[PDB]
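Undergrad: One structure, as structure tokens, below. Some questions next.
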Amino acid sequence: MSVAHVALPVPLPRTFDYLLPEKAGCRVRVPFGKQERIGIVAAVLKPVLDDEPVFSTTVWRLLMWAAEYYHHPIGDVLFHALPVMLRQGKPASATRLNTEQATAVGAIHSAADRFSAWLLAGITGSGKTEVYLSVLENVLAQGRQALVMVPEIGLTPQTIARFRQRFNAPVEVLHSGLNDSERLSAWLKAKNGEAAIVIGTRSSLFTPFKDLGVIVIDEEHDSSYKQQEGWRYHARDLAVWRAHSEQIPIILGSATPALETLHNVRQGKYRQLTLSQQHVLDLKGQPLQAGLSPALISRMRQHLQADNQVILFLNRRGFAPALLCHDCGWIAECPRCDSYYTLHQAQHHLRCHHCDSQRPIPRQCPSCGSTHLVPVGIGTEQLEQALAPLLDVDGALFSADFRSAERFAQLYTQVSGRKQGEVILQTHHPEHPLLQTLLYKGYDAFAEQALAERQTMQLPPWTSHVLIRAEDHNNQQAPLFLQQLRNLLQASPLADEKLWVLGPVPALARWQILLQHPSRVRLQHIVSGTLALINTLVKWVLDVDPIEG
Ligand SMILES: [Zn+2]
Ligand SMILES: [Zn+2]
């Protein structure tokens, strides 16, 4: 007896069986209903494209783990990983260094014959790039390949040509401007060991290699590494996973490492290799124009009449604001959980998101009585409408998103080194502890303090998180769905009173629930069991280790 468990590109978390008349990871053409479909054999009844498995051993292992960790259909996951042409069932064929810099290269090179996750931490253009290129030389010397990941926007032809000139070997670049013939042919070149280096973005993570020797991720902290639609994987984590299974080094490069990364360094997980005028304006009691203080505008014009350009920064868009007093600096805090109230002016109430408390919007401040209470964290209201006739550190410090401070610290540290340049911050709380750490001690000091505060609040990366989203035209009832799913999560063996669930709370826009637990592995099992059984079902998607925004 022999029968093949085949995975199909469908949103259902299961394998379909078929018969074998006279291996796993090969593509097959199978009947599916009355039509025909391409599938991939997950393991070995109507009967049934490849000679050899289309995924390498370690890439196959990686995808199998990832599907189960992100709780996404094995079918999608596998077909998402393939070149478009292979999805459709077509054939698999196509007719200088200083002291610090040197030390880094050496350190990595001395452990290059096994797994080792290095954080290359250095201020902007201290030449982290130079380390990448030298480490790659040593790996390419040995005749092993390399994967270089950049953010989506980081594949500039300047960067590309600088690589191409450095290496007398073939470099294969997966930019978004390639067609399907080209993408496939490049995928083959990597698989066959013709391509010494592969440079791409997030999806370049799944490209196969004859002998992969090292992985480089530049701008490790960047958002583009987290896929926001469909299969919500994080390319950085999976790269580190892939490096672990293949037993090769990985280099994570950032001038402003994510706190996740720094935590991993403080613990044994990663090892750090390191490389070596502002005005703070108090908005309190000021007359503002378009949220701008006189002192800023005074400084703006003196830069505009000198014929220079002026950049203003705001807090993305659609994010729900907080409420504070423009005169006295009181902020709307939830009295039960010490957390900032999110303002819902459109529904005429104040709402907590860490717990779920309602409260009316007061038209006067309860701490000093001022009528001047303002919303903070708005720049989608066309600042140009107020600027043509003629920021928001608060938005980052008093957000309902617990990550906002970290995002700001990264921005500020980036733009602090981008003549004599002038940086101006506007805030209602110039003397905020965390802000002060950032401004006077630097990013890593901010991070160390921010990270200890995350432990206090039991937030990531001290805990793991899992979001579950629901969208229903009804606006109501869909939250009942999540309430059903909430209770189904309660009793599942593994509550340990540590599992902490936020009951259905409206998104920062759409409903969702949040799951929290110190153990990553325990929270994966809890989701695995409670998801196994479900019935009704209303949109609904599953986001492990979410970036929220
Ligand atoms: Zn609360
Ligand atoms: Zn007040």
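Letters for chains follow the order of the structure tokens (A, B, ...), residue numbers begin at 1 for each chain, and ligand numbers begin at 1 in the order shown.
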Can you tell me, as a ChimeraX atom specification, which residues in segment 386-458 of chain A count as alpha helix (DSSP H) by DSSP?
TA: /A:386-387,393-397,404-415,433-441,443-456
Undergrad: Could you give me, as a VMD selection string, every polymer residue with an atom at most 7 Å away from an atom of ligand 2, counting only C-alpha atoms and all ligand atoms?
TA: chain A and resid 325 to 330 365 to 370
Undergrad: Those same residues, written as a PDB file, in the first residue's frame with N, CA, C and O atoms?
TA:
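What landed in selection.pdb:
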```pdb
ATOM      1  N   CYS A 325      -3.786  67.818  28.255  1.00  0.00           N
ATOM      2  CA  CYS A 325      -4.030  69.211  28.537  1.00  0.00           C
ATOM      3  C   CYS A 325      -2.873  70.058  28.045  1.00  0.00           C
ATOM      4  O   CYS A 325      -1.738  69.930  28.518  1.00  0.00           O
ATOM      5  N   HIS A 326      -3.201  70.948  27.109  1.00  0.00           N
ATOM      6  CA  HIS A 326      -2.243  71.845  26.465  1.00  0.00           C
ATOM      7  C   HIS A 326      -1.568  72.835  27.417  1.00  0.00           C
ATOM      8  O   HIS A 326      -0.449  73.279  27.168  1.00  0.00           O
ATOM      9  N   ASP A 327      -2.248  73.174  28.505  1.00  0.00           N
ATOM     10  CA  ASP A 327      -1.704  74.096  29.489  1.00  0.00           C
ATOM     11  C   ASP A 327      -0.890  73.373  30.554  1.00  0.00           C
ATOM     12  O   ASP A 327       0.264  73.740  30.800  1.00  0.00           O
ATOM     13  N   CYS A 328      -1.479  72.364  31.194  1.00  0.00           N
ATOM     14  CA  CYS A 328      -0.854  71.771  32.408  1.00  0.00           C
ATOM     15  C   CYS A 328      -0.172  70.417  32.206  1.00  0.00           C
ATOM     16  O   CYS A 328       0.483  69.909  33.128  1.00  0.00           O
ATOM     17  N   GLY A 329      -0.339  69.836  31.023  1.00  0.00           N
ATOM     18  CA  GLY A 329       0.340  68.602  30.685  1.00  0.00           C
ATOM     19  C   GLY A 329      -0.224  67.342  31.325  1.00  0.00           C
ATOM     20  O   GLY A 329       0.420  66.296  31.281  1.00  0.00           O
ATOM     21  N   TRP A 330      -1.411  67.417  31.919  1.00  0.00           N
ATOM     22  CA  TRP A 330      -2.125  66.215  32.348  1.00  0.00           C
ATOM     23  C   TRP A 330      -2.450  65.358  31.103  1.00  0.00           C
ATOM     24  O   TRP A 330      -2.762  65.899  30.047  1.00  0.00           O
ATOM     25  N   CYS A 365     -10.150  69.995  31.729  1.00  0.00           N
ATOM     26  CA  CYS A 365      -9.113  69.247  32.428  1.00  0.00           C
ATOM     27  C   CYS A 365      -9.462  69.154  33.907  1.00  0.00           C
ATOM     28  O   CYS A 365      -9.824  70.154  34.525  1.00  0.00           O
ATOM     29  N   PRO A 366      -9.360  67.948  34.473  1.00  0.00           N
ATOM     30  CA  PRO A 366      -9.591  67.745  35.880  1.00  0.00           C
ATOM     31  C   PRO A 366      -8.407  68.119  36.748  1.00  0.00           C
ATOM     32  O   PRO A 366      -8.566  68.111  37.954  1.00  0.00           O
ATOM     33  N   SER A 367      -7.232  68.415  36.179  1.00  0.00           N
ATOM     34  CA  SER A 367      -6.069  68.788  37.016  1.00  0.00           C
ATOM     35  C   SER A 367      -5.832  70.289  37.156  1.00  0.00           C
ATOM     36  O   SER A 367      -5.384  70.743  38.207  1.00  0.00           O
ATOM     37  N   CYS A 368      -6.107  71.063  36.119  1.00  0.00           N
ATOM     38  CA  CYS A 368      -6.009  72.510  36.265  1.00  0.00           C
ATOM     39  C   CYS A 368      -7.243  73.277  35.778  1.00  0.00           C
ATOM     40  O   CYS A 368      -7.330  74.480  35.996  1.00  0.00           O
ATOM     41  N   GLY A 369      -8.211  72.597  35.162  1.00  0.00           N
ATOM     42  CA  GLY A 369      -9.447  73.255  34.713  1.00  0.00           C
ATOM     43  C   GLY A 369      -9.452  73.868  33.318  1.00  0.00           C
ATOM     44  O   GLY A 369     -10.494  74.345  32.865  1.00  0.00           O
ATOM     45  N   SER A 370      -8.320  73.840  32.616  1.00  0.00           N
ATOM     46  CA  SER A 370      -8.252  74.445  31.289  1.00  0.00           C
ATOM     47  C   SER A 370      -9.243  73.786  30.336  1.00  0.00           C
ATOM     48  O   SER A 370      -9.447  72.576  30.371  1.00  0.00           O
TER      49      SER A 370
END
```
Undergrad: For a quick check of understanding, using only C-alpha atoms and all ligand atoms, which of A:215, A:507, A:337, A:147 has the smallest distance to ligand 1?
TA: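 When distances to ligand 1 are compared using only C-alpha atoms and all ligand atoms, the smallest one comes from A:337.
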Undergrad: Atom CA of residue 25 of chain A and atom CA of residue 57 of chain A, how far apart in Å?
TA: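 Going from atom CA of residue 57 of chain A over to atom CA of residue 25 of chain A, I get 9.0 Å.
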Undergrad: Grab me every residue within 8 Å of ligand 1, counting only C-alpha atoms and all ligand atoms, and send it over as a PDB file with N, CA and C atoms, in the first residue's frame.
TA:
```pdb
ATOM      1  N   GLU A 333      -5.231  59.209  31.680  1.00  0.00           N
ATOM      2  CA  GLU A 333      -4.829  57.859  32.088  1.00  0.00           C
ATOM      3  C   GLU A 333      -6.011  57.048  32.574  1.00  0.00           C
ATOM      4  N   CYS A 334      -6.011  55.755  32.258  1.00  0.00           N
ATOM      5  CA  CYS A 334      -7.033  54.859  32.798  1.00  0.00           C
ATOM      6  C   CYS A 334      -6.675  54.633  34.262  1.00  0.00           C
ATOM      7  N   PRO A 335      -7.619  54.906  35.184  1.00  0.00           N
ATOM      8  CA  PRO A 335      -7.325  54.763  36.615  1.00  0.00           C
ATOM      9  C   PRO A 335      -7.110  53.313  37.079  1.00  0.00           C
ATOM     10  N   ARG A 336      -7.776  52.336  36.457  1.00  0.00           N
ATOM     11  CA  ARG A 336      -7.621  50.922  36.813  1.00  0.00           C
ATOM     12  C   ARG A 336      -6.261  50.351  36.411  1.00  0.00           C
ATOM     13  N   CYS A 337      -6.024  50.220  35.106  1.00  0.00           N
ATOM     14  CA  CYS A 337      -4.695  49.902  34.584  1.00  0.00           C
ATOM     15  C   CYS A 337      -3.993  51.201  34.260  1.00  0.00           C
ATOM     16  N   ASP A 338      -2.766  51.333  34.727  1.00  0.00           N
ATOM     17  CA  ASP A 338      -2.000  52.508  34.441  1.00  0.00           C
ATOM     18  C   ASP A 338      -1.563  52.440  32.973  1.00  0.00           C
ATOM     19  N   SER A 339      -2.372  53.076  32.119  1.00  0.00           N
ATOM     20  CA  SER A 339      -2.265  53.054  30.637  1.00  0.00           C
ATOM     21  C   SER A 339      -3.009  54.259  30.110  1.00  0.00           C
ATOM     22  N   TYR A 340      -2.614  54.732  28.938  1.00  0.00           N
ATOM     23  CA  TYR A 340      -3.177  55.965  28.409  1.00  0.00           C
ATOM     24  C   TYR A 340      -4.471  55.708  27.670  1.00  0.00           C
ATOM     25  N   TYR A 341      -5.464  56.556  27.924  1.00  0.00           N
ATOM     26  CA  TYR A 341      -6.742  56.455  27.235  1.00  0.00           C
ATOM     27  C   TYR A 341      -6.574  56.875  25.779  1.00  0.00           C
ATOM     28  N   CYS A 352      -9.946  52.716  27.123  1.00  0.00           N
ATOM     29  CA  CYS A 352      -8.681  52.021  27.372  1.00  0.00           C
ATOM     30  C   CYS A 352      -8.496  50.867  26.369  1.00  0.00           C
ATOM     31  N   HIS A 353      -7.255  50.543  25.995  1.00  0.00           N
ATOM     32  CA  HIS A 353      -6.998  49.374  25.140  1.00  0.00           C
ATOM     33  C   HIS A 353      -6.255  48.243  25.834  1.00  0.00           C
ATOM     34  N   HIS A 354      -5.522  48.549  26.905  1.00  0.00           N
ATOM     35  CA  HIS A 354      -4.909  47.508  27.741  1.00  0.00           C
ATOM     36  C   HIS A 354      -5.955  46.833  28.620  1.00  0.00           C
ATOM     37  N   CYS A 355      -6.919  47.582  29.143  1.00  0.00           N
ATOM     38  CA  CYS A 355      -8.139  46.963  29.647  1.00  0.00           C
ATOM     39  C   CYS A 355      -9.250  47.515  28.782  1.00  0.00           C
ATOM     40  N   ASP A 356     -10.494  47.297  29.168  1.00  0.00           N
ATOM     41  CA  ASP A 356     -11.585  47.805  28.375  1.00  0.00           C
ATOM     42  C   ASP A 356     -12.460  48.641  29.286  1.00  0.00           C
ATOM     43  N   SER A 357     -12.125  49.920  29.425  1.00  0.00           N
ATOM     44  CA  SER A 357     -12.940  50.838  30.224  1.00  0.00           C
ATOM     45  C   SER A 357     -13.428  51.994  29.368  1.00  0.00           C
TER      46      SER A 357
END
```
Undergrad: If we count only C-alpha atoms and set the cut-off at 10 Å, which residues sit around residue 104 of chain A, ignoring sequence neighbours fewer than 2 positions away in its own chain? Please answer as a PyMOL selection string.
TA: chain A and resi 99-102+106-110+118+120+128+131-132+134-135+272-275
Undergrad: Keeping only N, CA and C atoms, write the selected residues as a PDB file, in the first residue's frame.
TA:
```pdb
ATOM      1  N   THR A  99      40.817  48.806  12.837  1.00  0.00           N
ATOM      2  CA  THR A  99      40.875  47.882  13.997  1.00  0.00           C
ATOM      3  C   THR A  99      39.555  47.152  14.333  1.00  0.00           C
ATOM      4  N   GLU A 100      38.514  47.913  14.693  1.00  0.00           N
ATOM      5  CA  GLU A 100      37.186  47.367  15.042  1.00  0.00           C
ATOM      6  C   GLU A 100      36.585  46.509  13.930  1.00  0.00           C
ATOM      7  N   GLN A 101      36.663  47.015  12.703  1.00  0.00           N
ATOM      8  CA  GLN A 101      36.154  46.326  11.522  1.00  0.00           C
ATOM      9  C   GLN A 101      36.829  44.967  11.325  1.00  0.00           C
ATOM     10  N   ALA A 102      38.151  44.951  11.436  1.00  0.00           N
ATOM     11  CA  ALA A 102      38.917  43.729  11.302  1.00  0.00           C
ATOM     12  C   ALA A 102      38.506  42.713  12.353  1.00  0.00           C
ATOM     13  N   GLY A 106      37.084  38.925  11.859  1.00  0.00           N
ATOM     14  CA  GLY A 106      37.767  37.789  12.462  1.00  0.00           C
ATOM     15  C   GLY A 106      36.851  36.959  13.343  1.00  0.00           C
ATOM     16  N   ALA A 107      36.130  37.632  14.225  1.00  0.00           N
ATOM     17  CA  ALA A 107      35.257  36.959  15.171  1.00  0.00           C
ATOM     18  C   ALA A 107      34.260  36.053  14.462  1.00  0.00           C
ATOM     19  N   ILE A 108      33.588  36.621  13.459  1.00  0.00           N
ATOM     20  CA  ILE A 108      32.603  35.890  12.651  1.00  0.00           C
ATOM     21  C   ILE A 108      33.273  34.736  11.920  1.00  0.00           C
ATOM     22  N   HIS A 109      34.451  35.015  11.365  1.00  0.00           N
ATOM     23  CA  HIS A 109      35.178  34.047  10.553  1.00  0.00           C
ATOM     24  C   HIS A 109      35.656  32.851  11.390  1.00  0.00           C
ATOM     25  N   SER A 110      35.922  33.075  12.679  1.00  0.00           N
ATOM     26  CA  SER A 110      36.386  32.009  13.572  1.00  0.00           C
ATOM     27  C   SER A 110      35.306  31.045  14.004  1.00  0.00           C
ATOM     28  N   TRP A 118      25.179  36.939  14.876  1.00  0.00           N
ATOM     29  CA  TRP A 118      25.877  38.172  15.262  1.00  0.00           C
ATOM     30  C   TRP A 118      25.050  39.422  14.965  1.00  0.00           C
ATOM     31  N   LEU A 120      25.607  43.159  14.254  1.00  0.00           N
ATOM     32  CA  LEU A 120      26.611  44.137  13.904  1.00  0.00           C
ATOM     33  C   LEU A 120      26.032  45.509  14.183  1.00  0.00           C
ATOM     34  N   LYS A 128      29.316  49.354   8.329  1.00  0.00           N
ATOM     35  CA  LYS A 128      28.878  48.008   8.597  1.00  0.00           C
ATOM     36  C   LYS A 128      28.989  47.277   7.267  1.00  0.00           C
ATOM     37  N   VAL A 131      32.087  45.473   6.566  1.00  0.00           N
ATOM     38  CA  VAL A 131      32.206  44.170   7.240  1.00  0.00           C
ATOM     39  C   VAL A 131      31.476  43.079   6.439  1.00  0.00           C
ATOM     40  N   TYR A 132      30.243  43.361   6.023  1.00  0.00           N
ATOM     41  CA  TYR A 132      29.504  42.438   5.154  1.00  0.00           C
ATOM     42  C   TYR A 132      30.398  41.982   4.006  1.00  0.00           C
ATOM     43  N   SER A 134      33.618  42.073   3.465  1.00  0.00           N
ATOM     44  CA  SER A 134      34.823  41.314   3.822  1.00  0.00           C
ATOM     45  C   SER A 134      34.492  39.909   4.306  1.00  0.00           C
ATOM     46  N   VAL A 135      33.433  39.772   5.105  1.00  0.00           N
ATOM     47  CA  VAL A 135      32.984  38.445   5.549  1.00  0.00           C
ATOM     48  C   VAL A 135      32.562  37.606   4.340  1.00  0.00           C
ATOM     49  N   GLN A 272      27.075  40.449  20.228  1.00  0.00           N
ATOM     50  CA  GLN A 272      27.202  41.791  19.662  1.00  0.00           C
ATOM     51  C   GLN A 272      28.616  42.122  19.221  1.00  0.00           C
ATOM     52  N   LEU A 273      28.735  42.602  17.996  1.00  0.00           N
ATOM     53  CA  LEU A 273      29.964  43.200  17.524  1.00  0.00           C
ATOM     54  C   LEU A 273      29.663  44.666  17.282  1.00  0.00           C
ATOM     55  N   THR A 274      30.444  45.551  17.896  1.00  0.00           N
ATOM     56  CA  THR A 274      30.124  46.995  17.900  1.00  0.00           C
ATOM     57  C   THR A 274      31.133  47.882  17.120  1.00  0.00           C
ATOM     58  N   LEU A 275      30.652  48.970  16.515  1.00  0.00           N
ATOM     59  CA  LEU A 275      31.506  49.904  15.750  1.00  0.00           C
ATOM     60  C   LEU A 275      31.259  51.392  16.116  1.00  0.00           C
TER      61      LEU A 275
END
```
Undergrad: List the spatial neighbours of segment 488-505 of chain A as a PyMOL selection string - criterion: any atom at most 10 Å away, only C-alpha atoms, same-chain residues fewer than 4 positions off excluded.
TA: chain A and resi 352-356+465-470+478-484+510-519+522-523+525-527+529-531+533-534
Undergrad: Between atom CA of residue 126 of chain A and atom CA of residue 146 of chain A, what distance in Å does the model show, to one decimal?
TA: 22.5 Å
